[PDB]
There are 2 protein chains.
Amino acid sequence: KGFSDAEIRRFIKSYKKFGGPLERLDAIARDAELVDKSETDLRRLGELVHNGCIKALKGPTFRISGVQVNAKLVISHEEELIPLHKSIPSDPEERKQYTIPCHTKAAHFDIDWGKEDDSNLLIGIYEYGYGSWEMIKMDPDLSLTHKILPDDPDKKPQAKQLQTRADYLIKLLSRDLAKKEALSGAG
Amino acid sequence: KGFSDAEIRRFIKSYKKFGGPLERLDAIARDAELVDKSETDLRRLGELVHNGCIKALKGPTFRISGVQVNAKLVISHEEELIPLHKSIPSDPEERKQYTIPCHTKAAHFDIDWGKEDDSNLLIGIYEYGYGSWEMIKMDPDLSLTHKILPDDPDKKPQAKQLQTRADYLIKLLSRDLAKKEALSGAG
């Protein structure tokens, strides 16, 4: 493939940060510093990762050029993101307005952190990938630039607090999806 | 006097930041970058400012070497600080434990800012002078280092918010002192 082993490794690290990654190849390329690559080359590599995991899991490993891919690890990351993929709108206008529909416990960032901040953190994780805290901070529309990752390393929320909060919010989404499925009677 | 006109001017700027300044000559010297000066030289200059204001106000101006001192301006600053001078303990152990005894309205710093933060801001103003926000931030015991003057200029409280808050708290102290004088019947 028209990629180096180092480029394949960056692609796989970024692929693991999203749900439905084959529909997020430009966000993956941006995150993996592969913006220069063609849409056809990105689609080909993404489908090698997607199809490789299916073949290995129908732990198990597979190769992409000289890179060894842990199929269980990719899919464990994808499973953790299922509630986010199912909850956040794919439509951009709708996504901008997304609000978490359930009550959230206090964040304890020693700051004002409310429902809209939780909502924008989840939109940022959808847009930039799980763990892409600097990219979410740099987004000029999510209103987190002057809230997250303070310059002062003793002030919250730093990456640790964002990871804790994000994991809590994604678990809340999982519980909410199950409750809505049970209440509606629609599987 | 054993001081330059530039040194006299720094001394007067720092003198205006305290109540009972003649009892705060070391804090004045620290603030005015005059730490090198002897206690006798500092006392002599301070008494020239104190006695000069009395003579001019028994606007009116007086001279210290080649420096023109506005007596009304010095005394207006000293009057604004009367409630702070009368409320904060002069004893160091007691001062460390000082808590504002009345209810304070919300600060709107978009952070957690409570009674102890207001109290420590007032102790810092007493110790370092009105407007000495960086010195108060640098104090390792007042617990404001990671709260005030954020590195991010869009985050609060910056100097503007500290000035607004301090003026509000000193007015609250003035009202509290008058109420306690009326309630006790002791002038």
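Below, read A as the first sequence line, B as the second, and so on, with proteins coming before strands; counting in each chain starts at 1. Computed from heavy atoms alone, side chains included, the values below leave out hydrogens, waters and symmetry copies.
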More than 12 heavy atoms of other residues, nucleotides or ligands under 6.0 Å from NZ of B/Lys115: is that the case?
yes
For residues [X] and [Y]: do they belong to one hydrophobic cluster (side chain heavy atoms under 4.5 Å, members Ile, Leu, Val, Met, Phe, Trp, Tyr)?
| X | Y | answer |
| --- | --- | --- |
| A/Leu122 | A/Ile82 | no |
| B/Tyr130 | B/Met138 | no |
| B/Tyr168 | B/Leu144 | yes |

Evaluate the side-chain proximity of B/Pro150 to A/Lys155: yes if any heavy-atom separation is below 4.5 Å, no if none is.
yes
Between B/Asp152 and A/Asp151, which heavy-atom pair has the shortest distance, and what is it?
N-OD2, 4.0 Å
Between A/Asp112 and B/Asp112, does the side-chain contact (heavy atoms from CB on, under 4.5 Å) criterion hold? Intermediate values first, please.
CA-CA 7 Å; A/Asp112 298 12; B/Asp112 298 12; 3.7 Å; yes
